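Take a look at the letters that make up each chain.
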Amino acid sequence: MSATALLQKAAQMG
Amino acid sequence: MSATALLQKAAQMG
Amino acid sequence: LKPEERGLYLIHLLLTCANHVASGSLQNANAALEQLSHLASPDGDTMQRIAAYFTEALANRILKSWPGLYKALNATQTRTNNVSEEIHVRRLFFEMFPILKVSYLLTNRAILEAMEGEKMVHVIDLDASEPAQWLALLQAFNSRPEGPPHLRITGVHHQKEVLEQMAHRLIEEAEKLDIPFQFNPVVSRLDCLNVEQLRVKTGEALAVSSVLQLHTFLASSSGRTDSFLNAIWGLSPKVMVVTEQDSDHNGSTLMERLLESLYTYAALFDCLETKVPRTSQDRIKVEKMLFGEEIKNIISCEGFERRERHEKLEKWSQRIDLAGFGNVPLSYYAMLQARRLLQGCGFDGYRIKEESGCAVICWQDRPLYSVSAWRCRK
Amino acid sequence: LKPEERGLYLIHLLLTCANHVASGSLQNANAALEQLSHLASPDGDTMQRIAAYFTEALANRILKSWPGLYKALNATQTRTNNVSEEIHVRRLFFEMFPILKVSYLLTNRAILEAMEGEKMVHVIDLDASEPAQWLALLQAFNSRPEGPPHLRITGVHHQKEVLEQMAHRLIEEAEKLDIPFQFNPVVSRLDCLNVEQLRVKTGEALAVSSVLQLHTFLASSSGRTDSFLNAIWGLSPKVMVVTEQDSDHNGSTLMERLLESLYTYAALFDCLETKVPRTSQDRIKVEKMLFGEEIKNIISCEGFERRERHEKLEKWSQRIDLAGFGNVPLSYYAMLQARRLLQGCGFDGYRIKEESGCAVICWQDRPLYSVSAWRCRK
């Protein structure tokens, strides 16, 4: 649950 | 021109 | 822009902005704050400095009207300790103003006269920040005709470093004075303080000193103050000495507190102007870290967050007398000694007025602080 | 509330609030800021800490939309000097991150190779804050086969205490190393710096080191940077070494800079999370006093006030090459030594990528800083 991966997970669905 | 007298001068005319 | 025209215009802006604050118009309040910023200055004359701290206070209050914005401005909370600077500014207040010296002199005399003949004396200091208050009482106890009693001092403060310095200085002097002396520190804020922490023993005469601490309990005219005074009453002190601000700064509305506090701090800022150069860093520290914090708390805070709820002496007398205390008039010659203290270097302009056995420390004609002594009734 | 659900919701709030900032709806922005305050935390996980500094930044920007309120909040301007803490946080960055060690190693090698055979060497340090950069170069100059040249170092900084410590440490080492050495400090901000203050003499080989200083001149893609690079060009340095952030943080709109800076500082905050405990005061100091200040300046400032205008290496190359400089590729074995440095304790996860004779320091796959060497053309 890294922050650099959280940004990636949010950007795809957004 | 003391501040304690400036307050007195302003309060009268106000 | 004339300096006198600048000063009076600053007053109008303060009252005008405060009305816009009460109305809640941020646009109208922002325009008034914009004008104050260019005219006010912490380095300017008295009115410029006064306006600077009331302007910042007013801007802080309207900032609280948007809690999300207010909190976000401190999301990275700068948790910090600034003990050394806070000790420094308290020393400056003690030395640049005669308030504490007069208070200490009057309260020590009241304690000594209450402790005539007592061989066991316990003094409770609710704000043990300046050791000069008890250093003099140590020498006076040692010089009294019957010799010194066993002296115990309980110091209450929220910072260990303040209690460490006082403890070190008091033990050092008592060891030189050959006085049997005990100092037990109590690390606590005054609200969380319990009687059990004071550890008063039976058979020892007790005195309580409350320097600028009683008005703290008026925060959410109060029930917290009654409980504390009754808690003090139950300890059966032989004398309680109270030093408090003598100004109505606990008014209901913002405009009420703004009007009175403007007059009070104009007097306090006036002393420094007539005595200390505008470029003095000592003056700015006192004006900012002390009066500025009190002004900010009076103007921008509410509920329990507003601790600087100053009230006049007449209100305190009723409040304390209703709690079961009887007034002990201050000694005529203690009052005379306090007046002679005001004849010291840089203390001209101050006056001490007697009011129902109590002392009122004034600058010119403006009351600033009161000192009163009390004993338990019934 | 799940921690992973908390993190992604924080991102949505940041982008949402920023849109309300751009729209100018204070009511809608305040509600978004209220949510961020309870979820974000400087002591929480990586996303909570990231959100805390971007939240404070966003709240600072909308505070600037009311200049009267913004100024009044600082009417009692706390003019202060915090030099000791600032030195401390720079030491922490030097020791908790390998950025400066790699930069220093690569630039010192480029200088040494440019100064082969030179008997008179003058080095100009545009940000003379850490003496470790030149302490190593002193020993290396002394060890080189032809012996050490006369070394002169000109240190530029805005704080005397920083230059006093560097001067003392450099003279002390040079006296031990038996190197003829001269250090002349230059107290100045970089914008007010003039060439005449550098006092370069004729016939001495010159090297210029710009560590994180070039992007400063992009403030009101710039003409101030061109003039400075041309001013450096006229000094005829034998080599100029540039260390800069490698991220597009100079986008036109707020949303542009917010999107990219979120990715960059998520990586930087990720290193500390994988290496240093959450309770470390060192980590919080770096996260607040360094990244927090840069984040705040990128998000809440505009015009000349926004100095942290980071741009990628490709933009810097064109800008520097157009100013009359030719690229000097970094040594293959200097690059190898820098990679071996990353094999040190706590430096795993970092990578060094070669790009057109330049070095790019990455965390995982995210670029962070670039190092490049340049010589004068024509």
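Residues numbered from 1 in each chain as written, not as in the entry; some residues may be left out. Chains lettered and ligands numbered in written order. Heavy atoms only, no water. Residues with missing side-chain atoms left out of burial classes, pairs and counts.

As recorded in the entry header, the structure was determined using X-ray crystallography to a resolution of 2.40 Å.

Going by the PDB entry, chain C carries the name Scarecrow-like protein 3 and comes from Arabidopsis thaliana. As deposited in the PDB, this entry carries the title "The crystal structure of the JACKDAW/IDD10 bound to the homodimeric SCL3". UniProt annotates chain C under Sequence similarities with the comment "Belongs to the GRAS family." (UniProt positions renumbered as here; feature names shortened; annotations may be inferred.)

**Q** Help me understand the pairing of strand β1 (residues 120-125) of chain D in this model?
**A** As a general feature of sheets, a regular strand has side chains that alternate between the two faces. Residues and elements named next belong to chain D. Within β1, five of the six residues are buried, which leaves it mostly tucked inside the rest of the structure. Examined bridge by bridge, β1 and strand β2 (residues 150-157) share six bridges and lie parallel to one another. Paired with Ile 124 across the strands is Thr 154, a residue of β2. Taken together, β1, helix α7 (residues 132-143) and β2 constitute a β-α-β crossover, and its handedness is right-handed. (Buried < 20%, exposed > 50% of the residue type's maximum accessible area, 1.4 Å probe, protein only. Helix = DSSP H or I, 4+ residues; strand = E, 2+ residues; numbered from the N terminus. Pairing = 2+ DSSP bridges. Right-handed = clockwise from strand over helix to strand, strands pointing away.)

**Q** In this structure, what is going on with the pattern of salt bridges? I would like to understand it.
**A** Pairing between side chains of opposite charge can happen when the charged atoms of each approach one another. For the structure on display, the rule yields 42 salt bridges over all chains. Put simply, D:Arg49 and D:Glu287 hold a salt bridge, and the shortest N to O gap is 2.9 Å. Each member of the pair, D:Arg49 as well as D:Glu287, carries the same accessibility label: buried. Between D:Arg61 and D:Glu302 there is a salt bridge, with its nearest N and O atoms 3.3 Å apart. Within this structure, C:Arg49, C:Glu273, C:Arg278, C:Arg283 and C:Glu287 form a network of salt bridges that share partners. (Salt bridge = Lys/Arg side-chain N within 4 Å of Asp/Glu carboxyl O.)

**Q** When you look at the interface of chain D and chain C in this model, what are you seeing that I'm missing?
**A** Many analyses report the size of an interface as the accessible area lost when the parts associate. Counting residues at the interface gives 29 residues for chain D and 29 residues for chain C. Of the roughly 2,500 Å² buried where chain D meets chain C, counting both sides, 63% is carbon and sulfur surface. Interface area lost by chain D to chain C is led by D:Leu69, D:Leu73 and D:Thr76, which between them contribute 22%. Across the contact surface, chain D and chain C share two salt bridges. Of all the secondary-structure elements, those providing two or more residues to the side of chain D that touches chain C are α2 (26-39), α3 (46-63) and α4 (67-72) of chain D. Here the element with the most residues in the side of chain D that touches chain C is α3(D); it accounts for eight residues. Here the side of chain D that touches chain C is composed, by residue class, of 14 nonpolar, eleven polar and four charged. (Contact = heavy atoms within 4.5 Å. Buried area = accessible area lost by both parts, 1.4 Å probe. Nonpolar A, V, L, I, M, F, W, Y, C, P; charged D, E, K, R; others polar.)

**Q** Would you take a moment to explain the relation of the copies chain D and chain C for this structure?
**A** One copy of the chain maps onto the second through a rotation about an axis and a displacement along it. Superposing chain D onto chain C requires a rotation of 180 degrees together with a translation of 0.0 Å along the rotation axis, leaving an RMSD of 0.0 Å. Given the turn and translation reported, the copies of this chain are related as if by a two-fold rotation axis. Of the C-alpha atoms belonging to chain D, the one lying closest to the rotation axis is found on D:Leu63, 4.7 Å away. Comparing interface residues between copies, 100% of those in chain D also lie at the interface in chain C; the contact surface is shared. (Least-squares fit on C-alpha atoms.)

**Q** Help me understand the pairing of strand β8 (residues 358-363) of chain C, please; the structure alone is not making it clear to me.
**A** All names here are of chain C. Counting buried residues along β8, six of its six residues qualify, which places the element largely inside the surrounding structure. Neither face of β8 is exposed, since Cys 358, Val 360 and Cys 362 on one face and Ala 359, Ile 361 and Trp 363 on the opposite face are all buried. The sheet contact formed by strand β7 (residues 350-355) and β8 spans six bridges and is antiparallel. Counterpart to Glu 355 in the pairing with β8 is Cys 358. Here β7 folds back onto β8, and the loop between the two strands holds two residues, one of which, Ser 356, carries a positive phi near 55 degrees. Counting the residues between successive antiparallel strands, the hairpin from β8 to strand β9 (residues 366-376) contains two residues, one of them, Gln 364, with a positive phi of roughly 55 degrees.

**Q** Quick question: what am I supposed to make of the side chain of D:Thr76 here?
**A** With respect to the secondary-structure elements, D:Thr76 resides in the loop between α4 and α5 (83-96). The exposure class assigned to D:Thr76 is buried, which follows from its relative accessible area of 5%. If we skip the residues at most four places from it in the chain, D:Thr76 touches C:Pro42, C:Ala52, C:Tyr53, C:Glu56 and C:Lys288.

**Q** Explain the nonpolar core to me, please; I cannot follow it from the model alone.
**A** As a rule of thumb, nonpolar side chains are buried together in soluble globular proteins. In terms of nonpolar packing, the biggest core is built from 205 residues, with C:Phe97 and D:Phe97 touching the most fellow members. Counting 24 residues, the second largest nonpolar core, distinct from the first, contains C:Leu126, C:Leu235, C:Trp316 and C:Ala323. (Core = buried A, V, L, I, M, F, W, Y, C linked by side-chain atoms within 4.5 Å.)

**Q** Help me understand the environment of D:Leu214, please; the structure alone is not making it clear to me.
**A** All names here are of chain D. Positionally, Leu 214 belongs in the loop between β4 (205-211) and α10 (224-234). A residue is classified by how much of its surface remains accessible, and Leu 214, at 1% relative accessible area, is buried. Taking the C-alpha atoms as reference points, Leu 214 and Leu 190, separated by 24 residues in sequence, lie 9.6 Å from one another. Not counting chain neighbours up to four residues away, the residues in contact with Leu 214 comprise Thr 225, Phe 228, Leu 229, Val 242, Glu 244, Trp 316 and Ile 320.

**Q** Would you explain the packing of aromatic side chains in this entry?
**A** Aromatic ring pairs are defined here through the distance separating the ring centres and the angle between the ring planes. Residue and element names in this part refer to chain C. Per the counting criterion, the structure on display carries 22 aromatic pairs over all chains. For the ring pair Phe 97 and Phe 291, a centre distance of 5.8 Å and an interplane angle of 80 degrees mean the geometry is edge-to-face. Through successive ring pairs, a cluster of aromatic residues spans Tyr 53, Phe 93, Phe 97, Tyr 265, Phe 269, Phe 291 and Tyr 369. One residue, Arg 319, lies across the ring of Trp 316, its end atom 5.8 Å from the ring centre. (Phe/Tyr/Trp six-rings, centres within 6.5 Å; stacked < 30°, edge-to-face > 60°. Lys NZ or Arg CZ within 6 Å of the ring centre and 35° of its normal.)

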